[PDB]
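Shown next: model38.pdb, containing PDB, C-alpha atoms.
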```
ATOM      1  CA  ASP J   1      -3.457  10.701  -4.585
ATOM      2  CA  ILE J   2      -1.211   8.110  -2.984
ATOM      3  CA  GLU J   3       2.147   9.198  -4.350
ATOM      4  CA  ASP J   4       1.611  12.398  -2.400
ATOM      5  CA  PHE J   5       1.303  10.168   0.644
ATOM      6  CA  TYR J   6       4.040   7.724  -0.284
ATOM      7  CA  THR J   7       6.694   7.044   2.328
ATOM      8  CA  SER J   8       9.828   5.794   0.614
ATOM      9  CA  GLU J   9      11.454   6.221   4.005
ATOM     10  CA  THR J  10       9.813   3.164   5.516
ATOM     11  CA  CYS J  11       8.532   1.690   2.273
ATOM     12  CA  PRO J  12      10.742  -1.149   1.018
ATOM     13  CA  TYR J  13      10.198   0.252  -2.455
ATOM     14  CA  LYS J  14      11.809   3.433  -3.726
ATOM     15  CA  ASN J  15      10.574   3.136  -7.292
ATOM     16  CA  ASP J  16       6.998   4.359  -7.087
ATOM     17  CA  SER J  17       4.008   4.436  -4.769
ATOM     18  CA  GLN J  18       2.047   2.377  -7.268
ATOM     19  CA  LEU J  19       4.668  -0.328  -6.893
ATOM     20  CA  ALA J  20       4.474  -0.778  -3.140
ATOM     21  CA  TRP J  21       0.753  -0.207  -3.533
ATOM     22  CA  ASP J  22       0.635  -2.732  -6.350
ATOM     23  CA  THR J  23       2.121  -5.075  -3.775
ATOM     24  CA  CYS J  24       0.014  -4.592  -0.667
ATOM     25  CA  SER J  25      -3.092  -3.225  -2.343
ATOM     26  CA  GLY J  26      -2.594  -5.634  -5.219
ATOM     27  CA  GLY J  27      -4.663  -8.518  -3.905
ATOM     28  CA  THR J  28      -1.558 -10.591  -3.279
ATOM     29  CA  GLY J  29       1.947 -10.285  -1.885
ATOM     30  CA  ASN J  30       1.881  -8.713   1.558
ATOM     31  CA  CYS J  31      -1.505  -7.023   1.633
ATOM     32  CA  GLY J  32      -2.926  -5.927   4.966
ATOM     33  CA  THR J  33      -3.550  -2.985   7.264
ATOM     34  CA  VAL J  34       0.173  -2.834   7.925
ATOM     35  CA  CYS J  35       0.937  -1.392   4.510
ATOM     36  CA  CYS J  36      -1.598   1.206   5.581
ATOM     37  CA  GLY J  37       1.042   2.973   7.638
ATOM     38  CA  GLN J  38       4.061   1.413   5.973
ATOM     39  CA  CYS J  39       4.300   2.840   2.475
ATOM     40  CA  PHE J  40       1.359   5.195   2.835
ATOM     41  CA  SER J  41      -0.762   6.934   5.445
ATOM     42  CA  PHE J  42      -4.360   7.937   6.052
ATOM     43  CA  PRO J  43      -6.613   8.757   4.689
ATOM     44  CA  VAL J  44      -4.576   6.778   2.187
ATOM     45  CA  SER J  45      -3.865   4.112   4.779
ATOM     46  CA  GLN J  46      -7.564   3.416   4.380
ATOM     47  CA  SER J  47      -7.157   2.726   0.681
ATOM     48  CA  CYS J  48      -4.195   0.439   1.246
ATOM     49  CA  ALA J  49      -6.141  -1.697   3.691
ATOM     50  CA  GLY J  50      -9.060  -1.097   1.357
ATOM     51  CA  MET J  51      -7.638  -2.190  -1.976
ATOM     52  CA  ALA J  52      -5.850  -4.989  -0.163
ATOM     53  CA  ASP J  53      -8.573  -7.339  -1.342
ATOM     54  CA  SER J  54     -11.161  -8.737   1.039
ATOM     55  CA  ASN J  55     -11.154 -12.522   0.970
ATOM     56  CA  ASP J  56      -9.296 -12.785  -2.318
ATOM     57  CA  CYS J  57      -6.148 -11.897  -0.412
ATOM     58  CA  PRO J  58      -3.976 -14.570   1.217
ATOM     59  CA  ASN J  59      -5.864 -14.147   4.470
ATOM     60  CA  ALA J  60      -6.736 -16.856   6.967
TER      61      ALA J  60
END
```
Target encoding structure tokens, full file:
Amino acid sequence: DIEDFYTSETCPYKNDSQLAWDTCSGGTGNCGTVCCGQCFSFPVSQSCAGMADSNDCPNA
């Protein structure tokens, strides 16, 4: 459950948790450990930085 841990307060998206999640933890966009405590929080923050792709993401 992420929606139960969604923070539309800091999250730039106020549509759905899946949206902001579909962004960070979507493989592209602005994935990272930042979205961990940006739109969500642990232990969800772990999923954000988890489903944020590994090397498939736009990482260095």
message: Translate the PyMOL selection byres ((chain J and resi 30-37) around 9) into a concrete residue list for this structure, as a PyMOL selection string.
response: chain J and resi 7+11+20-21+23-29+38-42+44-53+57-59
Store the residues of this selection in a file with C-alpha atoms, as a compact mmCIF listing (two decimals), in the frame of the given file.
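This went into again.txt:
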```
# COMPACT_ATOMS: atom_id res chain seq x y z
CA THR J 7 6.69 7.04 2.33
CA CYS J 11 8.53 1.69 2.27
CA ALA J 20 4.47 -0.78 -3.14
CA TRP J 21 0.75 -0.21 -3.53
CA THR J 23 2.12 -5.08 -3.78
CA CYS J 24 0.01 -4.59 -0.67
CA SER J 25 -3.09 -3.22 -2.34
CA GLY J 26 -2.59 -5.63 -5.22
CA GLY J 27 -4.66 -8.52 -3.90
CA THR J 28 -1.56 -10.59 -3.28
CA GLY J 29 1.95 -10.28 -1.88
CA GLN J 38 4.06 1.41 5.97
CA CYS J 39 4.30 2.84 2.48
CA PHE J 40 1.36 5.20 2.84
CA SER J 41 -0.76 6.93 5.44
CA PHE J 42 -4.36 7.94 6.05
CA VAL J 44 -4.58 6.78 2.19
CA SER J 45 -3.86 4.11 4.78
CA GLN J 46 -7.56 3.42 4.38
CA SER J 47 -7.16 2.73 0.68
CA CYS J 48 -4.20 0.44 1.25
CA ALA J 49 -6.14 -1.70 3.69
CA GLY J 50 -9.06 -1.10 1.36
CA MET J 51 -7.64 -2.19 -1.98
CA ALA J 52 -5.85 -4.99 -0.16
CA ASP J 53 -8.57 -7.34 -1.34
CA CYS J 57 -6.15 -11.90 -0.41
CA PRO J 58 -3.98 -14.57 1.22
CA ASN J 59 -5.86 -14.15 4.47
```
- prompt: What's the 8 Å shell around residue 2 (chain J), counting all atoms listed in the file, without same-chain residues fewer than 2 positions away, as a PyMOL selection string?
  reply: chain J and resi 4-6+17-18+40+44
Each side padded by 4 Å, which centre and which edge lengths in Å (one decimal) define the axis-aligned box around the listed atoms of region 43-50 of chain J? Give them as JSON.
```
{"center_x": -6.5, "center_y": 3.5, "center_z": 2.7, "size_x": 13.2, "size_y": 18.5, "size_z": 12.1}
```
